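In: requesting a structural model of the entry that follows:
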Amino acid sequence: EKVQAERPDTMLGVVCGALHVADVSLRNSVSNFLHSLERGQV
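Out: Numbering: from 1, shown residues only. What follows is the structure:
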């Protein structure tokens, strides 16, 4: 139909997606690491 419009540039889109993914992953990793540290583990 040629109606797949109103998208951002591919570069900005993939950059933002990778930034969101890495942010969530790093935040969860830091949180779980601190959780293990707090309970008395290494």
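In: relative to residue 37, how far out is the spatially most central residue of the chain?
Out: The chain has residue 21 as the residue nearest its centroid, 1.7 Å off, counting by C-alpha atoms, centre = their mean. Residue 21 is 25 Å from residue 37, where distance means C-beta to C-beta, to the nearest Å. Where you see a C-beta, it was placed from the backbone N, CA and C, and this is true even at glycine.
In: check residue 17 too.
Out: Separation of residue 17 from residue 37 (C-beta to C-beta): 31 Å.
In: residue 23 now?
Out: Distance from residue 23 to residue 37, by C-beta to C-beta: 21 Å.
In: same check on residue 4?
Out: From residue 4 over to residue 37 (counting by C-beta to C-beta), the distance is 47 Å.
In: between the two, who's got more neighbours?
Out: Each of residue 4 and residue 37 has its neighbours counted (other C-beta atoms under 10 Å); residue 37 has more, 10 against 6.
In: which helix or which strand is home to the more buried one?
Out: Element membership for residue 37 (DSSP states H and E) is helix 10-39.
In: any idea how far that helix is from the chain center?
Out: Centroid separation for helix 10-39 versus its chain: 5 Å, with C-alpha atoms, centre = their mean, to the nearest Å.
In: with stretch 35-42 instead?
Out: With C-alpha atoms, centre = their mean, you get 24 Å for stretch 35-42.
In: using CSV, write down the CA coordinates of that stretch.
Out: Backbone C-alpha positions of stretch 35-42 (Å, rounded to 0.1, in the frame of the first residue of the first chain) are rendered in CSV as follows:
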residue,chain,number,x,y,z
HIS,A,35,21.0,-7.4,46.2
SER,A,36,23.5,-10.2,46.4
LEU,A,37,26.0,-8.0,48.1
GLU,A,38,23.5,-6.9,50.7
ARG,A,39,22.4,-10.4,51.7
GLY,A,40,26.0,-11.3,52.6
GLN,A,41,27.2,-12.9,49.4
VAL,A,42,30.1,-12.2,47.0
